[PDB]
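# 3D, please:
(2 chains, ligands or ions: 6)
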2 protein chains.
Amino acid sequence: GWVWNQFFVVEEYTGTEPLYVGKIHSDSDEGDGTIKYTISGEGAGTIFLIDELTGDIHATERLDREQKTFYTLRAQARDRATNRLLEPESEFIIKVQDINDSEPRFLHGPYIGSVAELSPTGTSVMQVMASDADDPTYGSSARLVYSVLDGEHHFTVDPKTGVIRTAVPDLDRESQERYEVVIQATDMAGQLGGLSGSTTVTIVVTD
Amino acid sequence: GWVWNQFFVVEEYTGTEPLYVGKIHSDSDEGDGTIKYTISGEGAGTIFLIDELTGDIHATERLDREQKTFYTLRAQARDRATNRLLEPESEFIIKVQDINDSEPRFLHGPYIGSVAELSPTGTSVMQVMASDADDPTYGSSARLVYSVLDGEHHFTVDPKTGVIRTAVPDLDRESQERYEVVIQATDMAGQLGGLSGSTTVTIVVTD
Ligand SMILES: [Ca+2]
Ligand SMILES: [Ca+2]
Ligand SMILES: [Ca+2]
Ligand SMILES: [Ca+2]
Ligand SMILES: [Ca+2]
Ligand SMILES: [Ca+2]
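Residues are numbered from 1 along each chain as shown, chains lettered A, B, ... in the order given. Ligands and ions are numbered 1, 2, ... in the order given. See the structure here:
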């Protein structure tokens, strides 16, 4: 069947006034105040507070999807005069939504490789893989694009794979044996506003 | 029973990235892509757009609660190869939540009242009622507070009922027969950041 028992909440909420999660409600509620809505479970009475009359739920402190992706709660509908149930206690999930708040990070450094001297232009040297803690299944918050600096005219980098390639063929080891190239990974598919990380890759020329 | 088939969307959203409304989903979804989620009804395919792969719904334009408070839609789950649905098309509502973006306005103004000369201090003259197009059932966005301007020491106004009253007992008609008093209604229960409107009330001293 269709899945409806859910609420969505943005993570890392910036406002002062509590964030509105939603509203649990019973189709028996005629709108007179005889029903008492109460919640329980993860974050109940701490993170999420409910208005026992209206059913409105609010988040009182910010949420982090990289820490916890969903909260499982239960909802009860009491009679305000007798505190007895008018609806079965029902599980409902609060899904916290991803935002691009995780920068790309090169976690496997120091990155060092080697390539033979006088190699052809386009020779695969090594590969670097940055990581992004955001949600890859929703939006480009974790879709990365690798690049070099504009003032780097010895090597290039594939944009989406991050494999380093030589940009010049006349690399004689005697003139200069060691190069330090910086690589940049940017999320949001490289569009402006995308977060970025960087690493220093040392590449050394062999015979 | 519990009402769950709903999504909540804040009105007057100004940002660039489309707003996330929610996600329709079938527990029959094995997560392989053989499912085609589609939307119909109010705002379907124009205001609200859906991702057929995941089911995520987005709002493509700013919403206005004072224009429309909720949108009634239908959700379908088709098979990607046969276009025969595996769940009955289910109605679901997108309720747009209120923000304090409507100023108080005196719509039955500007009218006129009377008070007998030499009346005691605190004599009820008349009542003024401002209106607020925001949601009165949620927040103080429509809870108003009436007030006078600084340096108005002839009449007062109750902050909650808005009934004007004499502030002085020495109202001699011969000395001054007519007063133009300004009344101001402010929402958010008067707290800073509350919107305001005003009207000019002519009060006249009688015998
Ligand atoms: Ca986070
Ligand atoms: Ca990111
Ligand atoms: Ca994130
Ligand atoms: Ca509006
Ligand atoms: Ca208002
Ligand atoms: Ca409003």
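
# assumed residue A:189 was part of a strand.
No: assigned with DSSP: H, G, I helix; E, B strand; the rest coil, residue A:189 falls outside any strand and is helix.

# now do the contacts for it.
Counting by CB atoms under 8 Å, 6 or more residues apart in numbering or on different chains, residue A:189 makes contact with A:140, A:143, A:145. For every residue, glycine as well, the C-beta is placed using N, CA and C.

# turn these into JSON lines, columns for neighbour count and distance to residue A:165.
Putting the contacts of residue A:189 into JSON lines (neighbours: other CB atoms under 10 Å in any protein chain shown; distance: CB to CB, whole Å) gives the following:
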{"residue": "A:140", "neighbour count": "17", "distance to residue A:165": "25"}
{"residue": "A:143", "neighbour count": "17", "distance to residue A:165": "21"}
{"residue": "A:145", "neighbour count": "22", "distance to residue A:165": "16"}
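
# tell me the centre residue of chain A?
Taking CA atoms, centre = their mean, the centroid of chain A lies closest to residue A:134, which sits 1.5 Å from it.

# ok now do the closest residue to ligand 3 within chain A, which residues does it touch?
Here the residue of chain A nearest ligand 3 is residue A:134; by CB to the ion that distance is 4.1 Å. Residue A:134 is in contact with A:66, A:98-102, A:141-142, A:187, counting by CB under 8 Å, 6+ apart.

# and the residues you listed, which two are the farthest apart?
Maximum pairwise distance in the contacts of residue A:134, criterion CB to CB, is 14.1 Å, between A:66 and A:187.

# quick one: which of these two has more around it?
Counted by other CB atoms under 10 Å in any protein chain shown, residue A:66 and residue A:187 do not tie: residue A:187 has more neighbours, with 26 against 14.

# hang on, the more buried one packs against residue A:197?
No: Residue A:187 lies out of contact with residue A:197 (CB atoms under 8 Å); the separation is 9.2 Å.

# which residues touch residue A:26?
A:35, A:37, A:77, A:86-87, B:1-3.

# what residues does chain A have near chain B?
Taking CB under 8 Å from any CB of the partner chain as the contact definition, chain A meets chain B at A:1-8, A:10, A:20, A:22-27, A:54, A:56, A:75, A:77, A:87, A:90, A:92, A:95, A:97, A:137-138.

# burial of residue A:3, as a residue count?
For residue A:3, the count of nearby residues is 16 (other CB under 10 Å).

# so who does it touch?
Here residue A:3 is in contact with B:24-27 (criterion: CB under 8 Å, 6+ apart).

# most surrounded residue in those?
residue B:24 (25 neighbours).

# quick one: residue A:153 from residue B:205, how far?
According to CB to CB, to the nearest Å, residue A:153 stands 90 Å off from residue B:205.

# who has more neighbours, these two?
Just comparing residue A:153 and residue B:205: by other CB under 10 Å the higher neighbour count belongs to residue B:205, 20 against 10.

# who is the more buried one paired with across the strands?
With DSSP bridges as the criterion, residue B:205 is bridged to residue B:115.

# contacting residues for it?
By CB under 8 Å, 6+ apart, the contact set of residue B:205 is B:114-117, B:171-173, B:176-179.
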